[PDB]
Structure formats: C-alpha cells, structure tokens
Amino acid sequence: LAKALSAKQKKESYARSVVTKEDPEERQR
Amino acid sequence: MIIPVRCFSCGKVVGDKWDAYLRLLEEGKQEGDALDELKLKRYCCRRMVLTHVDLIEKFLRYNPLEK
Amino acid sequence: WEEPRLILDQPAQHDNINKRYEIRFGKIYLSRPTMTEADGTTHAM
Amino acid sequence: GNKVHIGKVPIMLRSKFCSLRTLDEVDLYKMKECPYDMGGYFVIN
Amino acid sequence: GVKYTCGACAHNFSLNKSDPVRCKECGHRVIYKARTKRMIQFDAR
Amino acid sequence: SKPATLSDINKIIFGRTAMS
Amino acid sequence: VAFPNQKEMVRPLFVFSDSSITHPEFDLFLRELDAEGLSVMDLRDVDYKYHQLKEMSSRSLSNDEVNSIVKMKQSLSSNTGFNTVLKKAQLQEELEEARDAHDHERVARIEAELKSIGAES
Ligand SMILES: [Zn+2]
Ligand SMILES: [Zn+2]
C-alpha cells in the first residue's frame with residue numbers, strides 16, 4: 001500500500017510536447 | 001583577469017612568476033613554500049599572487065569574433 | 001479543464017427543433033520556442 | 001476539430017522547457033551563454 | 001562599400017544599403033560592423 | 001560585328017575571388 | 001569549358017587564375033580558333049556581357065533568393081559548430097515529442113543519431 005500510494009503521485013505529466021514547423025498564425029490568416 | 005605586471009603596493013614585477021607558481025604547485029609544494037621559492041618576501045607581493053583569479057581562461061573559451 | 005464546455009442553445013421555431021451547440025477543450029500541446037521572420041521562415045530561438 | 005493556437009507563453013530560462021536545459025558545457029559556450037548563469041528569469045523584448 | 005562580419009560564422013562581406021541585413025553564407029540575422037581604418041593611439045597609463 | 005580587342009576582354013575579367 | 005584545338009572538359013572553379021590573360025596566350029587562342037575555323041565574340045556581344053556582369057554584381061538579392069542560397073550552402077555544409085548545436089537541439093525537441101507520444105521505435109533511432117553526432121571534445 002505504501003509503495004502504491006508513493007509511486008501513484010510520482011507520475012504527473014499532462015502536457016504533451018510537439019514540434020512547430022511553420023508559423024502558428026498561418027491557419028488564422 | 002590576467003596576472004598584474006607589478007605589485008600594487010610596492011611595484012615589484014610579479015607578472016613573470018605566474019607560470020612558475022603553477023609549476024611549483026603542480027610539483028606538490030605548498031602555496032607558502034612556492035611563494036618562498038619565487039623570492040616573494042613581503043606579504044604585499046604574496047597577496048598579489050596568492051589571491052589572483054585567472055579569468056582570461058574563461059574568456060578564451062568563447063569563439064573568436066573575427067577570422 | 002476547469003470550464004471545459006462552452007454551450008450554446010437555440011430552440012429554433014421557423015417544426016420545433018431544439019438545437020444545442022457545444023465545444024469541448026481537450027489536450028494542451030507545447031513546443032520549444034520558435035522565431036518567425038518577416039519573410040515567413042521559422043527557426044529555433 | 002484539431003489543434004488551435006491559443007497564444008504564446010514566455011519561457012523561464014534553464015527550465016525543463018528551455019533550449020539551454022540540454023546543452024552541455026561546450027555547446028553552451030558556442031551559444032554565447034555563460035556557464036555561471038543560473039536562469040530563473042524571462043526575456044521579454 | 002562598408003565591411004561587415006557575421007555574428008555566427010565570422011564571414012566578411014559588404015552591403016550597398018539595399019540588401020537585406022543577413023549573412024551571405026549561413027544566413028544569420030546578426031551582423032557587426034568592422035573596425036575603422038583611422039589611426040588608434042593610447043597613452044599607456 | 002567588329003572583332004574584340006584585348007581591353008574589351010579585360011573589361012569582362014571575372015576573377016576566382018569574384019567567382020566565389 | 002572547351003579548348004578550341006582540344007575537346008570539351010569539365011573543370012572546377014578554383015582552376016582559373018586571377019591573373020590577367022597575356023598577349024601570347026590570346027594569340028595562341030586566336031590561332032586555335034583559326035585552325036578550327038571559328039570567329040571571335042562581337043563587340044556588341046562583349047558590351048552585352050559587360051552589362052550583364054555589372055548588373056549581376058550590382059544586383060540586390062531578395063529574401064527568397066538569400067534563403068535559397070543559404071539552403072544550398074547548408075546542403076553543401078559538411079559541418080559547422082553553430083549548425084551542429086542547432087541540429088542537436090532540434091533532434092532533442094523531436095525526441096521529447098516522440099517520448100511524450102509513447103513512440104518507443106522513433107526514440108531509439110533519434111538516440112542512436114544523437115549518439116553518432118555527439119561525443120564532443
Ligand atoms: Zn609588493
Ligand atoms: Zn554567417
């Protein structure tokens with residue numbers, strides 16, 4: 001129980017990285 | 001930045017003893033013994049070599065601006 | 001995700017059709033900083 | 001329904017999302033960054 | 001007419017007040033003026 | 001239609017530095 | 001290029017010399033042209049070439065032309081420290097994108113490529 005509760009709160013990563021190849025405002029214009 | 005040519009207090013030439021000081025420290029001599037070997041008797045001159053920081057070695061790690 | 005749902009409703013009568021329009025917010029994506037020049041090209045900053 | 005650009009967030013230097021986090025000592029010198037610099041600030045204009 | 005130097009590859013070139021401010025070979029956006037030709041004298045004190 | 005002289009060819013000299 | 005008496009040859013640019021063409025050299029060139037049965041470039045064409053060279057030398061490049069030249073030299077670029085650092089940073093960004101996408105196959109290739117490019121001194 002201690003191991004599970006300690007390692008449960010260790011994993012925290014919501015945002016996912018990405019690579020931008022052009023100017024973001026291109027879709028808007 | 002780089003070792004001063006003269007001692008600030010009395011003006012003894014200390015700018016020719018930096019490499020010999022580093023050599024003596026490499027051989028295993030203590031700093032006081034190394035300063036004694038270089039014939040720096042007055043503590044005003046000993047301060048110049050004992051407290052110098054060689055910053056030019058850090059400045060030289062940046063790539064040259066003109067070639 | 002605090003307020004993940006915008007909702008617009010329109011009980012159109014012009015045959016009663018109750019229409020709900022709603023948009024959901026999903027994942028957040030981040031990138032490394034980029035620089036966009038006047039000529040249109042991009043490169044890592 | 002896909003990725004929509006909602007804005008640009010300034011990046012704190014030497015953080016996990018900064019470009020200088022990975023660079024080692026030599027490339028830090030090639031990038032004209034001081035190795036004694038610690039980060040923790042932003043660059044606005 | 002006026003000499004410049006690239007901020008990245010240290011390449012020398014010239015501009016005629018009509019070209020874009022860019023390096024010819026590596027396309028860096030940062031360039032520096034070259035040192036003058038006038039005589040430079042110091043008093044060694 | 002006139003033949004080109006030496007000076008005319010010298011006007012269009014394009015050196016290796018100019019080529020680079 | 002091609003000699004008149006000899007045949008066609010493909011030569012690099014550095015073979016040419018900055019020194020001016022001497023009188024016996026031009027005389028021998030004229031004799032080779034006469035032996036082959038060719039003529040010399042017309043003065044009108046000489047002036048046209050001169051104007052072309054002056055216009056090309058005094059031309060101002062556009063942004064697209066400069067970017068094309070930079071891309072061409074980047075293709076020719078064997079190695080450059082600034083460009084290697086930029087490529088390594090871009091590869092690191094691609095690696096974190098692959099890691100965040102749970103792609104266990106791409107990340108190994110990016111790590112191998114980084115290992116090949118890296119190990120500096
Ligand atoms: Zn002294
Ligand atoms: Zn350059």
# chains A, B, ... in the order shown; residues from 1 in each chain; ligands from 1
>>> residues_around(residues="residue 45 of chain D", least_positions_apart="2", cutoff="12 Å", atoms="only C-alpha atoms", output="compact mmCIF listing (two decimals) with N, CA and C atoms, in the first residue's frame")
# COMPACT_ATOMS: atom_id res chain seq x y z
N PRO D 10 5.68 32.99 -22.32
CA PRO D 10 7.12 33.17 -22.11
C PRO D 10 7.73 32.03 -21.30
N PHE D 42 12.89 35.53 -17.23
CA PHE D 42 12.29 35.56 -18.55
C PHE D 42 12.92 36.68 -19.38
N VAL D 43 12.82 36.55 -20.70
CA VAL D 43 13.34 37.55 -21.63
C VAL D 43 12.15 38.10 -22.41
>>> interface_residues(of="chain C", to="chain E", cutoff="12 Å", atoms="only C-alpha atoms", output="PyMOL selection string")
chain C and resi 35+37-39+41+43+45
>>> residues_near_ligand(ligand="ligand 2", cutoff="10 Å", atoms="only C-alpha atoms and all ligand atoms", output="NGL selection string")
(:E and (5-13 or 22-31)) or (:G and (70 or 82))
>>> residues_around(residues="residue 20 of chain B", least_positions_apart="3", cutoff="12 Å", atoms="only C-alpha atoms", output="list in words")
residues 14, 15, 16, 17, 23, 24, 25, 26, 27, 29, 31, 34, 35, 37, 38, 39 and 49 of chain B
>>> write_last_selection(atoms="N, CA and C atoms", output="compact mmCIF listing (two decimals), in the first residue's frame")
# COMPACT_ATOMS: atom_id res chain seq x y z
N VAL B 14 55.80 41.09 -10.58
CA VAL B 14 55.27 39.77 -10.27
C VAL B 14 54.64 39.10 -11.47
N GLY B 15 54.64 39.75 -12.63
CA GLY B 15 54.00 39.22 -13.81
C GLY B 15 54.76 38.17 -14.56
N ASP B 16 55.99 37.87 -14.14
CA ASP B 16 56.80 36.83 -14.76
C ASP B 16 56.89 35.57 -13.92
N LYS B 17 56.08 35.46 -12.87
CA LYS B 17 56.17 34.35 -11.94
C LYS B 17 54.90 33.51 -11.85
N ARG B 23 53.61 25.76 -11.87
CA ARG B 23 54.51 24.60 -11.94
C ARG B 23 54.85 24.08 -10.55
N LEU B 24 55.22 24.99 -9.64
CA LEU B 24 55.58 24.60 -8.28
C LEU B 24 54.40 23.98 -7.55
N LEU B 25 53.20 24.53 -7.75
CA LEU B 25 52.01 23.93 -7.16
C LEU B 25 51.72 22.56 -7.76
N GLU B 26 52.00 22.38 -9.05
CA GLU B 26 51.87 21.06 -9.68
C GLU B 26 52.80 20.04 -9.06
N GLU B 27 54.04 20.44 -8.77
CA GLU B 27 55.01 19.51 -8.18
C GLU B 27 54.65 19.07 -6.77
N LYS B 29 54.32 21.38 -3.98
CA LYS B 29 54.72 22.32 -2.94
C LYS B 29 53.50 23.06 -2.39
N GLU B 31 51.53 26.39 -0.98
CA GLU B 31 51.47 27.74 -1.54
C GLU B 31 52.47 28.68 -0.88
N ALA B 34 55.87 27.61 -2.12
CA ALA B 34 56.02 28.03 -3.50
C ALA B 34 56.31 29.52 -3.61
N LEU B 35 55.62 30.34 -2.79
CA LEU B 35 55.89 31.77 -2.79
C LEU B 35 57.28 32.07 -2.24
N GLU B 37 59.87 30.06 -2.62
CA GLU B 37 60.78 29.68 -3.69
C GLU B 37 60.89 30.75 -4.76
N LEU B 38 59.81 31.49 -5.02
CA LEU B 38 59.82 32.56 -6.01
C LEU B 38 60.37 33.87 -5.48
N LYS B 39 60.86 33.88 -4.23
CA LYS B 39 61.52 35.03 -3.60
C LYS B 39 60.55 36.20 -3.40
N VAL B 49 49.94 37.31 -5.83
CA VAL B 49 49.96 36.01 -6.49
C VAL B 49 49.01 35.03 -5.80
>>> residues_near_ligand(ligand="ligand 1", cutoff="9 Å", atoms="only C-alpha atoms and all ligand atoms", output="NGL selection string")
:B and (6-14 or 40-48)
>>> atom_distance(atom1="atom CA of residue 17 of chain E", atom2="atom CA of residue 51 of chain G")
21.4 Å
>>> interface_residues(of="chain G", to="chain A", cutoff="7 Å", atoms="only C-alpha atoms", output="list in words")
residues 93, 94, 96, 97 and 100 of chain G
>>> write_last_selection(atoms="N, CA, C and O atoms", output="mmCIF file, in the first residue's frame")
data_model
loop_
_atom_site.group_PDB
_atom_site.id
_atom_site.type_symbol
_atom_site.label_atom_id
_atom_site.label_comp_id
_atom_site.auth_asym_id
_atom_site.auth_seq_id
_atom_site.Cartn_x
_atom_site.Cartn_y
_atom_site.Cartn_z
ATOM 1 N N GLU G 93 14.302 18.220 -29.337
ATOM 2 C CA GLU G 93 12.878 18.556 -29.362
ATOM 3 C C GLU G 93 12.053 17.448 -30.015
ATOM 4 O O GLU G 93 10.967 17.097 -29.532
ATOM 5 N N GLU G 94 12.555 16.885 -31.115
ATOM 6 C CA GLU G 94 11.869 15.766 -31.758
ATOM 7 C C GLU G 94 11.833 14.547 -30.838
ATOM 8 O O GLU G 94 10.842 13.808 -30.808
ATOM 9 N N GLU G 96 11.815 14.598 -27.459
ATOM 10 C CA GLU G 96 10.813 14.775 -26.411
ATOM 11 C C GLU G 96 9.399 14.652 -26.971
ATOM 12 O O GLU G 96 8.501 14.179 -26.265
ATOM 13 N N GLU G 97 9.180 15.075 -28.227
ATOM 14 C CA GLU G 97 7.878 14.864 -28.858
ATOM 15 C C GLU G 97 7.571 13.377 -29.013
ATOM 16 O O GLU G 97 6.443 12.939 -28.757
ATOM 17 N N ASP G 100 6.859 11.881 -25.474
ATOM 18 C CA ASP G 100 5.529 12.249 -24.992
ATOM 19 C C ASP G 100 4.413 11.562 -25.766
ATOM 20 O O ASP G 100 3.289 11.475 -25.260
#
>>> residues_around(residues="residue 35 of chain D", least_positions_apart="6", cutoff="12 Å", atoms="only C-alpha atoms", output="count of residues only")
14
>>> select_by_dssp(residues="segment 8-102 of chain G", states="alpha helix (DSSP H)", output="PyMOL selection string")
chain G and resi 23-36+43-58+63-76+81-100
>>> residues_around(residues="residue 9 of chain F", least_positions_apart="3", cutoff="12 Å", atoms="only C-alpha atoms", output="list in words")
residues 3, 4, 5, 6, 12, 13 and 14 of chain F; 20, 21, 22, 23, 26, 40, 41, 42, 43, 45, 46, 47, 49 and 50 of chain G
>>> interface_residues(of="chain D", to="chain C", cutoff="9 Å", atoms="only C-alpha atoms", output="PDB file with N, CA, C and O atoms, in the first residue's frame")
ATOM      1  N   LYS D   3      -5.824  20.962 -33.278  1.00  0.00           N
ATOM      2  CA  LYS D   3      -5.007  21.907 -32.525  1.00  0.00           C
ATOM      3  C   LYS D   3      -5.243  23.342 -32.975  1.00  0.00           C
ATOM      4  O   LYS D   3      -5.022  23.683 -34.138  1.00  0.00           O
ATOM      5  N   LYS D   8       1.038  32.493 -26.942  1.00  0.00           N
ATOM      6  CA  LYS D   8       2.439  32.211 -26.674  1.00  0.00           C
ATOM      7  C   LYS D   8       2.752  32.546 -25.222  1.00  0.00           C
ATOM      8  O   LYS D   8       2.431  33.639 -24.752  1.00  0.00           O
ATOM      9  N   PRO D  10       5.681  32.995 -22.319  1.00  0.00           N
ATOM     10  CA  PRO D  10       7.124  33.166 -22.108  1.00  0.00           C
ATOM     11  C   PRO D  10       7.733  32.027 -21.302  1.00  0.00           C
ATOM     12  O   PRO D  10       7.123  31.502 -20.372  1.00  0.00           O
ATOM     13  N   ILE D  11       8.957  31.657 -21.669  1.00  0.00           N
ATOM     14  CA  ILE D  11       9.648  30.506 -21.101  1.00  0.00           C
ATOM     15  C   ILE D  11      10.700  31.001 -20.118  1.00  0.00           C
ATOM     16  O   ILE D  11      11.459  31.925 -20.423  1.00  0.00           O
ATOM     17  N   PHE D  17      11.543  23.376 -20.158  1.00  0.00           N
ATOM     18  CA  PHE D  17      11.078  23.729 -21.490  1.00  0.00           C
ATOM     19  C   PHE D  17      11.989  24.722 -22.193  1.00  0.00           C
ATOM     20  O   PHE D  17      11.643  25.211 -23.271  1.00  0.00           O
ATOM     21  N   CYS D  18      13.143  25.033 -21.607  1.00  0.00           N
ATOM     22  CA  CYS D  18      14.120  25.920 -22.219  1.00  0.00           C
ATOM     23  C   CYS D  18      15.077  25.123 -23.094  1.00  0.00           C
ATOM     24  O   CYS D  18      15.338  23.943 -22.847  1.00  0.00           O
ATOM     25  N   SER D  19      15.598  25.780 -24.129  1.00  0.00           N
ATOM     26  CA  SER D  19      16.549  25.135 -25.025  1.00  0.00           C
ATOM     27  C   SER D  19      17.902  24.896 -24.375  1.00  0.00           C
ATOM     28  O   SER D  19      18.630  23.995 -24.804  1.00  0.00           O
TER      29      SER D  19
END
>>> closest_atom_pairs(of="chain G", to="chain D", cutoff="9 Å", atoms="only C-alpha atoms", output="JSON lines")
{"residue": "G:81", "atom": "CA", "partner": "D:30", "partner_atom": "CA", "distance": 7.2}
{"residue": "G:82", "atom": "CA", "partner": "D:30", "partner_atom": "CA", "distance": 6.7}
{"residue": "G:85", "atom": "CA", "partner": "D:27", "partner_atom": "CA", "distance": 6.2}
{"residue": "G:88", "atom": "CA", "partner": "D:23", "partner_atom": "CA", "distance": 8.7}
{"residue": "G:89", "atom": "CA", "partner": "D:19", "partner_atom": "CA", "distance": 6.9}
{"residue": "G:92", "atom": "CA", "partner": "D:22", "partner_atom": "CA", "distance": 7.9}
{"residue": "G:93", "atom": "CA", "partner": "D:19", "partner_atom": "CA", "distance": 8.7}
{"residue": "G:120", "atom": "CA", "partner": "D:26", "partner_atom": "CA", "distance": 8.0}
{"residue": "G:121", "atom": "CA", "partner": "D:26", "partner_atom": "CA", "distance": 8.0}
>>> write_last_selection(atoms="N, CA and C atoms", output="tab-separated table (two decimals), in the first residue's frame")
chain	number	residue	atom	x	y	z
G	81	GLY	N	29.89	24.33	-36.21
G	81	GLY	CA	29.56	24.18	-34.80
G	81	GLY	C	28.20	24.73	-34.41
G	82	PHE	N	27.88	25.93	-34.89
G	82	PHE	CA	26.57	26.54	-34.62
G	82	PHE	C	25.45	25.69	-35.20
G	85	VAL	N	25.00	22.47	-33.17
G	85	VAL	CA	24.25	22.72	-31.94
G	85	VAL	C	22.77	22.89	-32.23
G	88	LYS	N	21.31	19.48	-33.05
G	88	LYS	CA	21.18	18.67	-31.83
G	88	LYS	C	20.00	19.14	-30.99
G	89	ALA	N	19.78	20.45	-30.91
G	89	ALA	CA	18.62	20.98	-30.19
G	89	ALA	C	17.31	20.57	-30.85
G	92	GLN	N	16.72	16.98	-30.11
G	92	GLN	CA	16.23	16.84	-28.74
G	92	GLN	C	14.74	17.17	-28.63
G	93	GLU	N	14.30	18.22	-29.34
G	93	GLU	CA	12.88	18.56	-29.36
G	93	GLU	C	12.05	17.45	-30.02
G	120	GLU	N	31.53	15.12	-28.14
G	120	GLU	CA	32.41	16.23	-28.47
G	120	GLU	C	33.63	16.24	-27.55
G	121	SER	N	34.53	17.19	-27.80
G	121	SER	CA	35.78	17.31	-27.08
G	121	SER	C	35.95	18.75	-26.60
>>> closest_atom_pairs(of="chain G", to="chain C", cutoff="8 Å", atoms="only C-alpha atoms", output="tab-separated table")
residue	atom	partner	partner_atom	distance
G:63	CA	C:39	CA	6.5
G:64	CA	C:39	CA	7.7
G:86	CA	C:44	CA	7.5
G:90	CA	C:44	CA	7.6
G:93	CA	C:32	CA	6.8
>>> select_by_dssp(residues="chain C", states="strand (DSSP E)", output="PyMOL selection string")
chain C and resi 5-12+17-24+29-30+34-36+42-44
>>> closest_residue(among="G:32, G:111, G:25, G:8", to="chain F", atoms="only C-alpha atoms")
G:25
>>> atom_distance(atom1="atom CA of residue 84 of chain G", atom2="atom CA of residue 40 of chain D")
26.3 Å
>>> decode(residues="chain F", atoms="N, CA, C and O atoms", output="short mmCIF file (atom, residue, chain, number, x, y, z; two decimals), in the first residue's frame")
data_model
loop_
_atom_site.label_atom_id
_atom_site.label_comp_id
_atom_site.auth_asym_id
_atom_site.auth_seq_id
_atom_site.Cartn_x
_atom_site.Cartn_y
_atom_site.Cartn_z
N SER F 1 29.81 43.89 -84.84
CA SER F 1 30.42 42.89 -85.71
C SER F 1 31.94 43.02 -85.72
O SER F 1 32.64 42.18 -86.29
N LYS F 2 32.44 44.08 -85.10
CA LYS F 2 33.87 44.31 -85.04
C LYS F 2 34.54 43.30 -84.11
O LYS F 2 33.93 42.84 -83.14
N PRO F 3 35.78 42.90 -84.41
CA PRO F 3 36.50 41.98 -83.51
C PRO F 3 36.81 42.62 -82.17
O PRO F 3 37.04 43.83 -82.06
N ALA F 4 36.81 41.79 -81.13
CA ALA F 4 37.08 42.25 -79.78
C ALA F 4 38.59 42.37 -79.55
O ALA F 4 39.35 41.47 -79.92
N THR F 5 39.01 43.48 -78.95
CA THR F 5 40.41 43.70 -78.64
C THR F 5 40.75 43.14 -77.27
O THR F 5 39.93 42.52 -76.60
N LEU F 6 42.01 43.35 -76.84
CA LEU F 6 42.45 42.85 -75.54
C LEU F 6 41.77 43.59 -74.40
O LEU F 6 41.42 42.99 -73.38
N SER F 7 41.59 44.91 -74.54
CA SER F 7 40.99 45.71 -73.48
C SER F 7 39.52 45.34 -73.27
O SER F 7 39.03 45.37 -72.13
N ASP F 8 38.82 45.00 -74.35
CA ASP F 8 37.42 44.58 -74.25
C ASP F 8 37.29 43.29 -73.44
O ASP F 8 36.37 43.15 -72.63
N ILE F 9 38.20 42.34 -73.67
CA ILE F 9 38.22 41.11 -72.88
C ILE F 9 38.64 41.41 -71.44
O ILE F 9 38.15 40.78 -70.49
N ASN F 10 39.56 42.35 -71.25
CA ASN F 10 40.00 42.73 -69.91
C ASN F 10 38.88 43.38 -69.10
O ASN F 10 38.87 43.29 -67.87
N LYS F 11 37.94 44.05 -69.78
CA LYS F 11 36.81 44.65 -69.08
C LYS F 11 35.90 43.60 -68.44
O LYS F 11 35.26 43.88 -67.42
N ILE F 12 35.85 42.40 -69.00
CA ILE F 12 34.97 41.35 -68.50
C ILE F 12 35.76 40.27 -67.75
O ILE F 12 35.29 39.13 -67.65
N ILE F 13 36.94 40.60 -67.23
CA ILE F 13 37.68 39.67 -66.38
C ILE F 13 36.89 39.39 -65.12
O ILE F 13 36.46 40.32 -64.41
N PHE F 14 36.67 38.11 -64.82
CA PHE F 14 35.91 37.67 -63.66
C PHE F 14 36.80 36.73 -62.86
O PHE F 14 36.93 35.55 -63.20
N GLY F 15 37.40 37.25 -61.80
CA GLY F 15 38.38 36.51 -61.03
C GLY F 15 37.78 35.37 -60.22
O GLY F 15 36.57 35.23 -60.08
N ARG F 16 38.69 34.53 -59.70
CA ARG F 16 38.28 33.41 -58.84
C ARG F 16 37.63 33.92 -57.56
O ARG F 16 36.67 33.31 -57.07
N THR F 17 38.15 35.01 -57.00
CA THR F 17 37.51 35.64 -55.85
C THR F 17 36.12 36.15 -56.21
O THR F 17 35.16 35.97 -55.45
N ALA F 18 35.98 36.77 -57.39
CA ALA F 18 34.67 37.20 -57.86
C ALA F 18 33.76 36.01 -58.14
O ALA F 18 32.55 36.08 -57.89
N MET F 19 34.32 34.91 -58.65
CA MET F 19 33.54 33.70 -58.85
C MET F 19 33.01 33.16 -57.53
O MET F 19 31.82 32.84 -57.42
N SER F 20 33.87 33.09 -56.50
CA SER F 20 33.43 32.68 -55.17
C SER F 20 32.39 33.64 -54.61
O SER F 20 31.49 33.22 -53.86
#
